[PDB]
2 protein chains.
Amino acid sequence: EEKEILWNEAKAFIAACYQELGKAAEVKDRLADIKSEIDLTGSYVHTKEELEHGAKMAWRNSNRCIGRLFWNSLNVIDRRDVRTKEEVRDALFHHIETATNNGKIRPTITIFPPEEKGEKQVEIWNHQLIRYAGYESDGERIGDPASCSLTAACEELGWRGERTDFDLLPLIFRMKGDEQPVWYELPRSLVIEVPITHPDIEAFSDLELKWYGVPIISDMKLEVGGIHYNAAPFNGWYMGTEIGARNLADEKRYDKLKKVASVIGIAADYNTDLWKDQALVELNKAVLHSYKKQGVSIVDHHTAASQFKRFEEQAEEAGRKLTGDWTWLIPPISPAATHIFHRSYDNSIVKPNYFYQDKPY
Amino acid sequence: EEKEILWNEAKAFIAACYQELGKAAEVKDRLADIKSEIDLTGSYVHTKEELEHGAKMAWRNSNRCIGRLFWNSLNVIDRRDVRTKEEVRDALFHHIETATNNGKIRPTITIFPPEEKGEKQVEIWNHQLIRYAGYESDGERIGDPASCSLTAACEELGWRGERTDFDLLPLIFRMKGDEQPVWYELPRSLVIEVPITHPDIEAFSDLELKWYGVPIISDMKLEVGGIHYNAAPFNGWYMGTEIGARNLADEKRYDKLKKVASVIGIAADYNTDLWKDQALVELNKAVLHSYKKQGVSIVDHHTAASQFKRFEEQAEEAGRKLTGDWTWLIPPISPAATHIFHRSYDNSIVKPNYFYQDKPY
Ligand code: HEM
Ligand code: HEM
Ligand SMILES: Cc1cc(N)nc(CCc2cc(CN)cc(CCc3ccc4cc[nH]c4n3)c2)c1
Ligand SMILES: Cc1cc(N)nc(CCc2cc(CN)cc(CCc3ccc4cc[nH]c4n3)c2)c1
Ligand SMILES: [Cl-]
Ligand SMILES: [Cl-]
C-alpha cells in the first residue's frame, strides 16, 4: 500500500510538473526510472527541477495563502544533502540570512532530506525559525503565549530565556537517531526586528512594541509526488494584519489593544465607541509604517488582495482550477473592503501542498 | 411524494415543537389530526402556538444570524386570515409601525397565508419592506444599486421615484389570481430614518447620509413543519456594521468611503495608510452614535458577538446542537476581535428555518 500510494502520487505529480515545464515527452521515461527506483529502494529521489517546481506548486496550491501571485518566484534551496546537526543549523542560519536579504525579503524554502519509512531525518521543533518565547507562571504572563509550550520544552533542554516579552527562541531540532533535540541560539545579527512606531502619534513608541522581520514557517510538511519533506521551512514577507491584527492584538497573544487605545488617546470603555476597531487600525497603520521605515518588506492587506485577484486571473488564464480557503484568505481587518470577501473559493486540497504535522513536543 | 414530504416534516416539527413546549403527551393526538387533515385537504393548519414557536425555532436555526440570543422573544403576528390586497397592505404597515415601536425596535414577524399547491397566496416583491430605490442610466448612478432591478420593475407598474439617493420604494406585492403586483407608497410617518452624524467630526453631516431604522426582510420563505410561508416578513434591529461596513461602504452599494475619508480629513491615496479601514471605523462609529442619538435600536458588533456567545452557551446548556455559518457570523470589521472568528460552526441546515426563494421579477 505505502509503495502504491507513493507511485500514484509520483505519476500524477511528474505528469503535471513536466507538462508545466514543457517536458511532456520525458514523462514516460522518468516514470519508468521512478517505478524501478521505488521497486528497488522503496522510494524515489526528485531531480532538482522537480523539487523546485514541486515546492512552487505546493505554494500555488496553498488554499489559505493570499500571497500566491508570486508562487513562481519562490527561491528553493535544496539541502537534501545535510547529514549533521551543524549542517542543519548552518542551513537554517543561511535561510534566515538569505530570506531576510537585508530587509528586501526573498520568499525562500530550504528543503531538508525527506522522511524515509515515515522516519524523519530532521525534525524541526520551532513553529517559525524566528519567534518569541512565552512564559506563564505565578499569575505572570511574559512574551508570546503561543510559544509557551515550545518555550517550556526548550527550558527542559537547558536553554533559559531572559524573560523579556521578546526573547528569541533558539533553533531547536532533532536528528534521526538522537533522542533529544539540540538547540542553538539565533545570532542576533541574523535577525531583523522592527520597532513599532506610528507615523503621527509619537506616544506610540511608549508601548515598546517590536516584531521580527521575517515569518519563516518551519513546522509544516511539504508533500511533493508522494515524498514527504517534513522539514522544509519557508517564508514570505508579512502582510501587516498578521502582526497588527493578530500577533500584537489577539487576547491570547500579545493583547495590546487596550494599551494601544490608551496611547492613541481614546477611551477603551464602551463597545459602541468601537475603540477596539480604532485601536486595530492605528496599530496596523503603525506596523506598516514601521516596516516600511526600516526597509523591511511587508504588504498591506489591500495590496495583498489586489495581488491575489491577479493570481485568480492568472489561474483562470492558465486554465488552472483555483482553490482557496475563504476563511483564511479574508484579512482580519476590513475584510469586506477586499474582493475576496465578496466571492467564494473551492477549498479542495490539491497536491503538491504544505500540510500540518503533529508537534514533537 | 409532495404529501409524504409534508407528513414527514410535520412529524419531526410537531414532535420537536411540543417537546420544547412541554406538550410531549399531545404529539400523538395532534399527529393523528394532521395526518387525516393532510389526507383530506392535502395540507394542514398550524395552531397559533405551533406557528409562533415555529417562527421562533426558525430564527434560532438561522445559521447566518448573530442575533439569535433573542429568538424566544420574537413577536409573531399571525395574518393567515388576510385575503385582500388592502388587508395585506395594512398588515405590512402595521408590521412597520409595531416593529419600529417609536425606535425601541421589536423583533417581529408577520406571517401571511402559506403556499398551497406551491401556489403563493401573497407574493411580496420587496427585499425589505423599507428600502431605498436605485437607478442607473446615462452613466449616472442614484440611490442603492442593490435596488436597481426592483426599482425598474416598480417603475414599470406606474410608480416613479423622485431620484434622490434615498427614495423609499413602495410596498409591492402580488395577490394570487392577479397578473400584476400592486404597489403602495409607504406613509413617511411610519418610516423612521436616522441622519448619520459623527460624535466628534462635525463635517460628517456634509455627507448627508442617512439610513432607515428597521431592516424588515420580506423576501424569505419561512418553512415550518412542511408548510411554506413564502410571505412572512421579519425584522430585528440593525447591527451597525450592516449599515456602516456594507450598505454605506460597499463599492456596489452607496460606496461612501472616499467621501468619508475626505470629511474625516485623511488622504485616500495609499493602501498602506489604511484609509479605507480608518474611514470604515469612523463611518461605523457615526452610524452607532446616530442611531443611539435618535433613540433607534442598534447593536454594535462586539456587543452582538457577546450576545451570540451567550446564545452558544444557552444552546449547549439546553442540549441543542448549535449551527452557524462562520462566514456570515463574523462581522465585516475587526472580525478577529470577536470570539466567533476563533471558533468553527456546523453549517448544517435545521428546520424550521428561513430560506431564499426565487425573485418574482
Ligand atoms: C510572499 C509573501 C507572502 C504573503 C504576504 C503571504 C500571506 C499569507 C497569509 C497572510 C497567510 C495567513 C492567512 C490568515 O492568517 O488568515 C498565509 C498562509 C499561508 N501561506 Fe502564505 N504568504 C506569503 C508567502 C508564502 C510562501 C512563500 C509560502 C510557501 C512556500 C506560503 C504558504 C502559506 C501557507 C502554507 C499558509 C497556510 C499556513 C497554515 O495553514 O497555518 N506563503 N500566507
Ligand atoms: C434582533 C436583532 C437582530 C440582529 C442584530 C441580527 C443580526 C443579523 C445580521 C448582522 C445578519 C447578517 C450577517 C452578515 O451580513 O454577515 C443576520 C442574518 C440573518 N438574520 Fe438576523 N438579526 C436579528 C434579528 C433577526 C430576526 C428577528 C430574524 C428572523 C425571525 C433573523 C433572521 C436572520 C436571517 C434569516 C439571516 C440570514 C439572511 C440571509 O441569508 O440573507 N434575524 N442577522
Ligand atoms: C509563509 C507565510 C508568510 C506569511 N506572511 N504568513 C504565513 C502564515 C502564518 C500563519 C501561521 C498559522 C499557524 N497555523 C496561523 C496563521 C493565522 C491562523 C488563523 C487563526 C484563526 C483564524 C480564523 C480564521 N482564519 C484564521 N487563521 C498564520 C506564512
Ligand atoms: C432580520 C435581519 C436583521 C438584521 N439586522 N440583519 C439581517 C440580515 C440582512 C441581510 C440580508 C442579505 C441578503 N441576502 C445579505 C446580508 C449580508 C450579505 C452578505 C454578503 C456577502 C457576504 C460575504 C460574507 N458574508 C456576507 N454576507 C444581510 C436580517
Ligand atoms: Cl506570525
Ligand atoms: Cl440591510
# chains A, B, ... in the order shown; residues from 1 in each chain; ligands from 1
>>> residues_around(residues="segment 138-142 of chain A", least_positions_apart="3", cutoff="12 Å", atoms="only C-alpha atoms", output="PyMOL selection string")
chain A and resi 132-135+145-148+151+161-167+251-255
>>> write_last_selection(atoms="N, CA, C and O atoms", output="PDB file, in the first residue's frame")
ATOM      1  N   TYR A 132       9.154  34.566  19.246  1.00  0.00           N
ATOM      2  CA  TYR A 132       9.418  34.965  20.619  1.00  0.00           C
ATOM      3  C   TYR A 132       8.933  33.910  21.592  1.00  0.00           C
ATOM      4  O   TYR A 132       7.935  33.242  21.341  1.00  0.00           O
ATOM      5  N   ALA A 133       9.651  33.773  22.705  1.00  0.00           N
ATOM      6  CA  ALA A 133       9.310  32.805  23.730  1.00  0.00           C
ATOM      7  C   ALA A 133       8.103  33.299  24.485  1.00  0.00           C
ATOM      8  O   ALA A 133       7.768  34.491  24.436  1.00  0.00           O
ATOM      9  N   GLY A 134       7.440  32.389  25.183  1.00  0.00           N
ATOM     10  CA  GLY A 134       6.347  32.767  26.049  1.00  0.00           C
ATOM     11  C   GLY A 134       6.457  32.067  27.375  1.00  0.00           C
ATOM     12  O   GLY A 134       6.917  30.927  27.454  1.00  0.00           O
ATOM     13  N   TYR A 135       6.037  32.751  28.431  1.00  0.00           N
ATOM     14  CA  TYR A 135       6.132  32.186  29.761  1.00  0.00           C
ATOM     15  C   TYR A 135       4.825  32.454  30.480  1.00  0.00           C
ATOM     16  O   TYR A 135       4.211  33.490  30.278  1.00  0.00           O
ATOM     17  N   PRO A 145       2.221  34.029  24.283  1.00  0.00           N
ATOM     18  CA  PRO A 145       1.588  32.848  24.879  1.00  0.00           C
ATOM     19  C   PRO A 145       1.565  31.667  23.915  1.00  0.00           C
ATOM     20  O   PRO A 145       1.554  30.527  24.363  1.00  0.00           O
ATOM     21  N   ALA A 146       1.559  31.947  22.616  1.00  0.00           N
ATOM     22  CA  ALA A 146       1.534  30.898  21.604  1.00  0.00           C
ATOM     23  C   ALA A 146       2.812  30.043  21.654  1.00  0.00           C
ATOM     24  O   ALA A 146       2.837  28.923  21.147  1.00  0.00           O
ATOM     25  N   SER A 147       3.873  30.581  22.249  1.00  0.00           N
ATOM     26  CA  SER A 147       5.153  29.866  22.320  1.00  0.00           C
ATOM     27  C   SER A 147       5.385  29.194  23.662  1.00  0.00           C
ATOM     28  O   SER A 147       6.460  28.633  23.893  1.00  0.00           O
ATOM     29  N   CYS A 148       4.398  29.260  24.552  1.00  0.00           N
ATOM     30  CA  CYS A 148       4.572  28.727  25.896  1.00  0.00           C
ATOM     31  C   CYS A 148       5.010  27.273  25.950  1.00  0.00           C
ATOM     32  O   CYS A 148       5.853  26.902  26.786  1.00  0.00           O
ATOM     33  N   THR A 151       8.512  26.941  24.480  1.00  0.00           N
ATOM     34  CA  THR A 151       9.436  27.583  25.416  1.00  0.00           C
ATOM     35  C   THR A 151       9.746  26.676  26.593  1.00  0.00           C
ATOM     36  O   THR A 151      10.909  26.526  26.996  1.00  0.00           O
ATOM     37  N   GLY A 161      15.424  31.397  28.957  1.00  0.00           N
ATOM     38  CA  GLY A 161      15.106  32.680  28.357  1.00  0.00           C
ATOM     39  C   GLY A 161      15.341  33.787  29.367  1.00  0.00           C
ATOM     40  O   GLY A 161      15.232  33.556  30.575  1.00  0.00           O
ATOM     41  N   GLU A 162      15.662  34.983  28.880  1.00  0.00           N
ATOM     42  CA  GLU A 162      15.827  36.146  29.755  1.00  0.00           C
ATOM     43  C   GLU A 162      14.505  36.642  30.350  1.00  0.00           C
ATOM     44  O   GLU A 162      14.502  37.464  31.275  1.00  0.00           O
ATOM     45  N   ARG A 163      13.404  36.162  29.783  1.00  0.00           N
ATOM     46  CA  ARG A 163      12.054  36.560  30.196  1.00  0.00           C
ATOM     47  C   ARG A 163      11.739  38.035  29.973  1.00  0.00           C
ATOM     48  O   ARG A 163      11.118  38.690  30.821  1.00  0.00           O
ATOM     49  N   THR A 164      12.177  38.543  28.823  1.00  0.00           N
ATOM     50  CA  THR A 164      11.621  39.755  28.253  1.00  0.00           C
ATOM     51  C   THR A 164      10.397  39.311  27.460  1.00  0.00           C
ATOM     52  O   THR A 164      10.155  38.106  27.297  1.00  0.00           O
ATOM     53  N   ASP A 165       9.623  40.266  26.948  1.00  0.00           N
ATOM     54  CA  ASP A 165       8.445  39.936  26.162  1.00  0.00           C
ATOM     55  C   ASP A 165       8.837  39.499  24.774  1.00  0.00           C
ATOM     56  O   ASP A 165       7.987  39.079  23.991  1.00  0.00           O
ATOM     57  N   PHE A 166      10.131  39.603  24.478  1.00  0.00           N
ATOM     58  CA  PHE A 166      10.626  39.385  23.133  1.00  0.00           C
ATOM     59  C   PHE A 166      11.921  38.584  23.099  1.00  0.00           C
ATOM     60  O   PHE A 166      12.856  38.947  22.374  1.00  0.00           O
ATOM     61  N   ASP A 167      11.980  37.493  23.866  1.00  0.00           N
ATOM     62  CA  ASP A 167      13.138  36.589  23.820  1.00  0.00           C
ATOM     63  C   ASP A 167      13.044  35.801  22.539  1.00  0.00           C
ATOM     64  O   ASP A 167      12.011  35.197  22.271  1.00  0.00           O
ATOM     65  N   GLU A 251      -6.148  38.516  22.117  1.00  0.00           N
ATOM     66  CA  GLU A 251      -6.128  38.424  23.575  1.00  0.00           C
ATOM     67  C   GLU A 251      -5.259  37.271  24.042  1.00  0.00           C
ATOM     68  O   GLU A 251      -4.690  37.317  25.136  1.00  0.00           O
ATOM     69  N   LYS A 252      -5.160  36.237  23.208  1.00  0.00           N
ATOM     70  CA  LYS A 252      -4.337  35.072  23.526  1.00  0.00           C
ATOM     71  C   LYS A 252      -2.915  35.212  22.984  1.00  0.00           C
ATOM     72  O   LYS A 252      -2.135  34.264  23.016  1.00  0.00           O
ATOM     73  N   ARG A 253      -2.583  36.386  22.463  1.00  0.00           N
ATOM     74  CA  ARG A 253      -1.217  36.649  22.028  1.00  0.00           C
ATOM     75  C   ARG A 253      -0.716  37.824  22.838  1.00  0.00           C
ATOM     76  O   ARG A 253      -0.784  37.792  24.069  1.00  0.00           O
ATOM     77  N   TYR A 254      -0.236  38.873  22.184  1.00  0.00           N
ATOM     78  CA  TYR A 254       0.317  39.990  22.959  1.00  0.00           C
ATOM     79  C   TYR A 254      -0.738  40.926  23.555  1.00  0.00           C
ATOM     80  O   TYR A 254      -0.426  41.721  24.443  1.00  0.00           O
ATOM     81  N   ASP A 255      -1.976  40.831  23.071  1.00  0.00           N
ATOM     82  CA  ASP A 255      -3.109  41.502  23.719  1.00  0.00           C
ATOM     83  C   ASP A 255      -2.888  42.999  23.949  1.00  0.00           C
ATOM     84  O   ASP A 255      -3.106  43.499  25.055  1.00  0.00           O
TER      85      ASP A 255
END
>>> residues_near_ligand(ligand="ligand 4", cutoff="7 Å", atoms="only C-alpha atoms and all ligand atoms", output="PDB file with N, CA, C and O atoms, in the first residue's frame")
ATOM      1  N   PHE A 341     -13.694  38.788   0.058  1.00  0.00           N
ATOM      2  CA  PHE A 341     -14.888  38.676   0.883  1.00  0.00           C
ATOM      3  C   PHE A 341     -16.132  38.437   0.044  1.00  0.00           C
ATOM      4  O   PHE A 341     -17.054  37.741   0.470  1.00  0.00           O
ATOM      5  N   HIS A 342     -16.161  39.014  -1.153  1.00  0.00           N
ATOM      6  CA  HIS A 342     -17.381  39.008  -1.955  1.00  0.00           C
ATOM      7  C   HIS A 342     -17.451  37.881  -2.971  1.00  0.00           C
ATOM      8  O   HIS A 342     -18.309  37.882  -3.841  1.00  0.00           O
TER       9      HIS A 342
ATOM     10  N   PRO B 215     -34.591  47.096   9.554  1.00  0.00           N
ATOM     11  CA  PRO B 215     -34.411  46.177   8.427  1.00  0.00           C
ATOM     12  C   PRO B 215     -35.469  45.091   8.502  1.00  0.00           C
ATOM     13  O   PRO B 215     -35.465  44.281   9.426  1.00  0.00           O
ATOM     14  N   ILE B 216     -36.392  45.093   7.556  1.00  0.00           N
ATOM     15  CA  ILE B 216     -37.500  44.148   7.609  1.00  0.00           C
ATOM     16  C   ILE B 216     -37.446  43.245   6.389  1.00  0.00           C
ATOM     17  O   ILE B 216     -37.989  43.581   5.338  1.00  0.00           O
ATOM     18  N   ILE B 217     -36.790  42.100   6.540  1.00  0.00           N
ATOM     19  CA  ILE B 217     -36.553  41.190   5.421  1.00  0.00           C
ATOM     20  C   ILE B 217     -37.873  40.593   4.994  1.00  0.00           C
ATOM     21  O   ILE B 217     -38.562  39.962   5.796  1.00  0.00           O
ATOM     22  N   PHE B 234     -39.903  39.595   8.407  1.00  0.00           N
ATOM     23  CA  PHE B 234     -39.450  39.679   9.779  1.00  0.00           C
ATOM     24  C   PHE B 234     -38.396  40.758   9.916  1.00  0.00           C
ATOM     25  O   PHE B 234     -37.758  41.141   8.937  1.00  0.00           O
ATOM     26  N   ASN B 235     -38.182  41.219  11.143  1.00  0.00           N
ATOM     27  CA  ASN B 235     -37.179  42.237  11.377  1.00  0.00           C
ATOM     28  C   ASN B 235     -36.520  42.008  12.715  1.00  0.00           C
ATOM     29  O   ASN B 235     -37.118  41.422  13.619  1.00  0.00           O
ATOM     30  N   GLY B 236     -35.291  42.481  12.839  1.00  0.00           N
ATOM     31  CA  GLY B 236     -34.663  42.638  14.132  1.00  0.00           C
ATOM     32  C   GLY B 236     -34.329  44.108  14.181  1.00  0.00           C
ATOM     33  O   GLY B 236     -35.045  44.946  13.611  1.00  0.00           O
ATOM     34  N   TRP B 237     -33.247  44.434  14.865  1.00  0.00           N
ATOM     35  CA  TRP B 237     -32.659  45.750  14.731  1.00  0.00           C
ATOM     36  C   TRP B 237     -31.351  45.558  14.016  1.00  0.00           C
ATOM     37  O   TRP B 237     -30.853  44.432  13.886  1.00  0.00           O
ATOM     38  N   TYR B 238     -30.782  46.655  13.541  1.00  0.00           N
ATOM     39  CA  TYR B 238     -29.539  46.559  12.831  1.00  0.00           C
ATOM     40  C   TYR B 238     -28.387  46.294  13.767  1.00  0.00           C
ATOM     41  O   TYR B 238     -28.383  46.763  14.899  1.00  0.00           O
ATOM     42  N   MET B 239     -27.398  45.574  13.265  1.00  0.00           N
ATOM     43  CA  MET B 239     -26.067  45.630  13.846  1.00  0.00           C
ATOM     44  C   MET B 239     -25.385  46.709  13.020  1.00  0.00           C
ATOM     45  O   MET B 239     -25.553  46.739  11.802  1.00  0.00           O
ATOM     46  N   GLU B 242     -23.736  46.485   9.431  1.00  0.00           N
ATOM     47  CA  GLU B 242     -24.539  46.219   8.243  1.00  0.00           C
ATOM     48  C   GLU B 242     -24.761  47.501   7.477  1.00  0.00           C
ATOM     49  O   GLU B 242     -24.864  47.503   6.246  1.00  0.00           O
ATOM     50  N   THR B 327     -18.999  32.362   7.979  1.00  0.00           N
ATOM     51  CA  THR B 327     -18.721  33.418   7.008  1.00  0.00           C
ATOM     52  C   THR B 327     -19.706  34.572   7.113  1.00  0.00           C
ATOM     53  O   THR B 327     -19.406  35.697   6.712  1.00  0.00           O
ATOM     54  N   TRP B 328     -20.886  34.303   7.660  1.00  0.00           N
ATOM     55  CA  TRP B 328     -21.858  35.358   7.871  1.00  0.00           C
ATOM     56  C   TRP B 328     -21.862  35.847   9.306  1.00  0.00           C
ATOM     57  O   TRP B 328     -22.316  36.947   9.586  1.00  0.00           O
TER      58      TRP B 328
END
>>> atom_distance(atom1="atom CA of residue 109 of chain B", atom2="atom CA of residue 71 of chain B")
11.4 Å
>>> select_by_dssp(residues="segment 101-213 of chain B", states="alpha helix (DSSP H)", output="list in words")
residues 148, 149, 150, 151, 152, 153, 154 and 155 of chain B
>>> write_last_selection(atoms="N, CA, C and O atoms", output="compact mmCIF listing (two decimals), in the first residue's frame")
# COMPACT_ATOMS: atom_id res chain seq x y z
N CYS B 148 -31.76 48.37 -7.90
CA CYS B 148 -31.97 48.75 -9.29
C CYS B 148 -33.01 47.91 -10.03
O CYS B 148 -33.81 48.46 -10.81
N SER B 149 -32.99 46.60 -9.80
CA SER B 149 -33.86 45.73 -10.58
C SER B 149 -35.29 45.90 -10.08
O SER B 149 -36.22 46.01 -10.86
N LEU B 150 -35.45 45.94 -8.76
CA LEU B 150 -36.79 46.11 -8.20
C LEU B 150 -37.32 47.50 -8.53
O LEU B 150 -38.51 47.66 -8.84
N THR B 151 -36.44 48.50 -8.48
CA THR B 151 -36.84 49.87 -8.82
C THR B 151 -37.37 49.95 -10.24
O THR B 151 -38.41 50.58 -10.50
N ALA B 152 -36.67 49.30 -11.16
CA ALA B 152 -37.08 49.31 -12.55
C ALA B 152 -38.40 48.57 -12.72
O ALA B 152 -39.24 48.96 -13.53
N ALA B 153 -38.59 47.50 -11.96
CA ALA B 153 -39.83 46.73 -12.02
C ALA B 153 -40.98 47.60 -11.52
O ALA B 153 -42.08 47.57 -12.06
N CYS B 154 -40.71 48.37 -10.47
CA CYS B 154 -41.72 49.26 -9.89
C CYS B 154 -42.13 50.33 -10.89
O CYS B 154 -43.32 50.62 -11.06
N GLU B 155 -41.14 50.92 -11.54
CA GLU B 155 -41.41 51.98 -12.50
C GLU B 155 -42.11 51.45 -13.74
O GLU B 155 -42.59 52.22 -14.55
>>> residues_near_ligand(ligand="ligand 2", cutoff="8 Å", atoms="only C-alpha atoms and all ligand atoms", output="PyMOL selection string")
chain B and resi 55-56+58-59+62-68+70-71+74+106-109+217+220+234-239+241-242+298-299+304+327-332+353-356
>>> interface_residues(of="chain B", to="chain A", cutoff="7 Å", atoms="only C-alpha atoms", output="list in words")
residues 271, 272, 273, 274, 277, 278, 281, 285, 288, 300, 302, 303, 332, 333, 334, 335 and 336 of chain B
>>> closest_residue(among="B:31, B:340, B:349, B:207", to="ligand 3", atoms="only C-alpha atoms and all ligand atoms")
B:340
>>> residues_around(residues="segment 43-53 of chain A", least_positions_apart="2", cutoff="8 Å", atoms="only C-alpha atoms", output="PyMOL selection string")
chain A and resi 3+6+14+17+34+37-41+55-57+76+78+116+224+227
>>> select_by_dssp(residues="segment 173-291 of chain B", states="strand (DSSP E or B)", output="list in words")
residues 173, 174, 175, 182, 183, 184, 193, 194, 195, 210, 211, 212, 216, 217, 221, 222, 223, 224, 227, 228, 229, 234, 235, 238 and 239 of chain B
>>> atom_distance(atom1="atom CA of residue 180 of chain A", atom2="atom 41 (O, counted along the ligand's line) of ligand 1")
25.8 Å
>>> atom_distance(atom1="atom 2 (C, counted along the ligand's line) of ligand 3", atom2="atom CA of residue 344 of chain B")
22.3 Å
>>> closest_residue(among="A:195, A:103, A:158, A:213", to="ligand 3", atoms="only C-alpha atoms and all ligand atoms")
A:213
>>> closest_residue(among="A:339, A:80, A:11, A:104", to="residue 225 of chain A", atoms="only C-alpha atoms")
A:11
>>> residues_around(residues="residue 81 of chain A", least_positions_apart="3", cutoff="10 Å", atoms="only C-alpha atoms", output="PyMOL selection string")
chain A and resi 78+84+87-88+111-113
>>> write_last_selection(atoms="C-alpha atoms", output="mmCIF file, in the first residue's frame")
data_model
loop_
_atom_site.group_PDB
_atom_site.id
_atom_site.type_symbol
_atom_site.label_atom_id
_atom_site.label_comp_id
_atom_site.auth_asym_id
_atom_site.auth_seq_id
_atom_site.Cartn_x
_atom_site.Cartn_y
_atom_site.Cartn_z
ATOM 1 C CA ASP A 78 17.912 22.136 -1.861
ATOM 2 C CA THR A 84 24.830 16.558 10.631
ATOM 3 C CA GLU A 87 24.871 21.372 8.650
ATOM 4 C CA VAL A 88 21.195 21.692 9.574
ATOM 5 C CA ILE A 111 14.282 21.635 1.730
ATOM 6 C CA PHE A 112 15.874 19.073 4.033
ATOM 7 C CA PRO A 113 16.083 15.282 3.461
#
>>> residues_around(residues="residue 312 of chain B", least_positions_apart="2", cutoff="12 Å", atoms="only C-alpha atoms", output="MDAnalysis selection string")
chainID B and resid 60:61 63 66:70 305:310 314:324 339:340 343:345
>>> residues_around(residues="residue 265 of chain B", least_positions_apart="5", cutoff="10 Å", atoms="only C-alpha atoms", output="ChimeraX atom specification")
/B:201,203,259-260,279
